[PDB]
């Protein structure tokens, strides 16, 4: 007998159950293998995985944020090198770069699922505001015009803010800036992933355009006090006409209707992020699976990773979590005719961009999460009036620390 244990990060209200619903076909076909999941929340996962990699007090397998894979894989003796042990031909090509350490041929993770952030909107709010959501969000400038018409629009006598986005420190702080920087024609690092470049003229143009949506009263300023989960909940309670969110919120809003009669789910659509002067760009994230080098059943652990990559497990995991599969064949399933999920798939395939898969990137995100949240503190005027000039200084200070981190490699 073999007791396979794995850590998972939560994106639903029942993560352990969702997972067991997906691996049940595997366990029914391998009676000598048991699988026990354990939840590790996102804010603790990097610290916990890093500690477990060196102490050996670890499960056999852990989910890992795609942007962290290289950081963990670069830890000597931390993970099983998967190079050649998994068949990557079946995978969506673009998902594989985050499974390797950039500049090496070393694959330390297997892509598990993909996610991007799309523009959710209230159909009823748009109709009343005279906003056509199929056309009026297409570009930065049209998006901004639409927000002005949606600002303070009322549905059933309650005012909505035009755009609700979090500003508090969680991992999504940098993710929510990413595609504004990209769409302006900037990037976080050079091609090699070895120096920071997000104080460039173009990067700052994107930072200024996005952050000043709140200065101008279009993005809701009080919501910048809150984190992603709180703003997701607020949108589900009707607080905002629009919000940029991942696909998993659809599970939450569907449950809110089933349990509470909250019909928000029936009032929303989703469209791609607005196009900037560089063309359209979107955040590409998701998670990979890795096998700890300390695993005493690497044969079974590797067997379980291959099952998670099977067409049926990918379809079923996508159904329960709303995440996108990383296996091309899953998308032939009728389920992906869904009007909302189609948007996330088209956006990530055509316009998705993932960070450089470098070992220092995980540590960089810690600095991004604290550093860039100071931009929202500036906008929120908690220490003096807002000024763009203070944002520029915040960004330059973050860049210096990122460069020192990248130089450790």
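Numbering follows the first chain given and starts at 1. Between two forms, the rigid core is the largest collection of C-alphas that superpose within 1.5 Å.
With 152 to 160 and 273 to 281 as candidates, the stretch whose CA atoms show the greater average offset from this form in 5 other deposited structures of this protein after a core fit is 152 to 160. When the other structures are laid on the shown form by the rigid core, the stretch among 142 to 150 and 326 to 334 with the greater C-alpha deviation in 5 other deposited structures of this protein turns out to be 326 to 334. For the segment pair 84 to 92 and 266 to 274, the entry gives 84 to 92 the higher mean B-factor, averaged over Cα atoms. Stretches compared: 243 to 251, 299 to 307. Higher mean C-alpha B-factor in the entry: 299 to 307. The maximum CA B-factor among the listed residues 325, 334, 186, 279, taken from the PDB record, is found at 334. The entry lists C-alpha B-factors for 134, 141, 192, 201, and the highest of these is at 134. Among the modelled residues of its chain, residue 360 has a C-alpha B-factor that falls in the lowest third, as given in the PDB entry. Per the deposited record, the Cα B-factor of residue 70 falls in the lowest third when ranked against the other modelled residues of its chain. Among the modelled residues of its chain, residue 368 has a C-alpha B-factor that falls in the middle third according to the deposited record.
Residue-level temperature factors show residue 232 in the lowest third of its chain, judged at the C-alpha atom. Among all modelled residues in its chain, residue 209 ranks in the lowest third by Cα B-factor.
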